[PDB]
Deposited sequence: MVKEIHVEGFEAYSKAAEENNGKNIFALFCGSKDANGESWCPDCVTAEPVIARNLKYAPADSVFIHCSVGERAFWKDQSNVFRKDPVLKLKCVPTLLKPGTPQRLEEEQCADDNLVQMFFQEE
């Protein structure tokens, strides 16, 4: 297993990221959950692909699962995730290694080989 952190919203994400700033951080940005209905279909498709490829990450990695909030919050073009100078999120799902060019979006987050490449190097 790889360490995983589950956060809801930008403040909770920021705390997790700042407390792991010394580590190999991978982050998935996805829509919030009717508990057991995500509003983001491509998020739901990505989760299991990401889950089965996390083993390819280097041993002491940290996986942050970040729920961005409700669809209406996410649709706000000026929301904190879209305007963050490092995250610069354009959509959910996004898989990213913060502060690097390593990014996958939408259907690419369910692409088994690209997700393996993302975690492995």
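Against the full deposited sequence, the model leaves out several stretches, namely 34, 123.
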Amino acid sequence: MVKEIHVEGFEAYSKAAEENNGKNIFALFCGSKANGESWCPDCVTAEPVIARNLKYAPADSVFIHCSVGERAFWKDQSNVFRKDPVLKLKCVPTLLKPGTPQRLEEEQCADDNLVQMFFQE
From here on, numbers count along this sequence of modelled residues.
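For the pair 17-25 and 100-108, the mean B factor over Cα atoms is greater in 17-25. Of the two stretches examined, 48-56 and 69-77, the record assigns the greater average C-alpha temperature factor to 69-77.
For the set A34, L87, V62, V92, the PDB entry puts the maximum C-alpha B factor at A34.
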